[PDB]
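Following: one structure in structure tokens, then a few remarks.
When we count neighbours, we look across all protein chains shown, and the Cβ atoms used for this are built from the backbone with ideal geometry, even at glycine. All of the numbers you see were taken from the coordinates with simple rules; none came from a lab.
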Amino acid sequence: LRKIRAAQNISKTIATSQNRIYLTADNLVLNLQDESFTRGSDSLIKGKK
Amino acid sequence: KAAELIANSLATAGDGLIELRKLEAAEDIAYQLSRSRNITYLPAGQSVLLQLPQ
């Protein structure tokens, strides 16, 4: 059984192997725009008294 | 010098000495060639906060 033990260890050491992927994340970004931007206007002839 | 020194030490140490020097080295090579360990997982686990009614 010393032989078997050694065999266990050898097989165990040799055998193991794997690879995995992980992806830690979380999307947190804040885009804040307040009073600032433009709309649009048409053309109209105006005049004030 | 190292090799010769080993040889001489081995000679004084007798055959038994070389024998296991051989296994030491073999162990080292086999091990270096194959180093590894592995754990596989299924993602799980949670922080649970539960409320109990009274």
Evaluated at q = 0.10, 0.11, 0.17, 0.21 Å⁻¹: base-10 log I(q)/I(0), Debye formula over Cα of the protein assembly as shown: -0.71, -0.77, -1.06, -1.21
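Order by neighbour count: B:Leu10, A:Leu32, fewest other Cβ atoms within 10 Å first, most last.
Placing the least packed residue first, the sequence is A:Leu32, B:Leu10.
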Taking Cα atoms only, helix A:2-15 is inclined relative to the longest principal axis of chain A by an angle, in degrees rounded to 10, of 20
Reduced to Cα centres, the span from chain B to chain A in Å works out to 36
For chain B, take the convex hull of the Cα atoms, compute a quarter of its surface area, and give me that in nm², please. 9.0
How far is helix B:2-33 tilted, in degrees, relative to the longest principal axis of the Cα atoms in chain B, given as a value from 0 to 90 rounded to the nearest 10? 30
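Count charges around A:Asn9 for me, please; just the other residues with Cβ under 12 Å from its Cβ, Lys/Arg as +1, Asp/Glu as -1.
+3
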